[PDB]
């Protein structure tokens, strides 16, 4: 018998429809893809891909928080871009949220994201305590 619980925080855009912000099953946390949406206005923050990336990571942070975790628990992330040329800029924003023991990752350009977003990020985390390498 494994425990499964739905993560939900008002500090991140509400999950409207048949999905959850994140699902914690046993020790693993699956987080839905996050866009650069402001939790309050439900709209994408202005500024373009760079600011959208900050918000998307902010949203991920709040979800991790609600699950008793922080960015150090992320083991895998997927960076979806609307334009492969934004790779470098998003990478520099991305590194602002991690110190070391970085997560495994995949990054590429898709044809289009919801709401005309320029970037969407999804991740997988493992609830602590963790005994690093």
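Residue numbers count along the first chain shown, from 1.
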Inset, instruction - Can you let me know which of the two, 7-15 or 118-126, has the higher average C-alpha B-factor in the entry? - result: 7-15
Legend entry - Residue stretch of maximal mean CA temperature factor, 76-84 vs 95-103: 95-103
Inset, instruction - Select one of 36, 48, 42, 61: the residue whose C-alpha shows the highest B-factor in the crystal structure entry. - result: 42
Inset, instruction - Would you check the entry's CA temperature factor for residue 89 and let me know if it's in the chain's lowest, middle or highest third? - result: middle
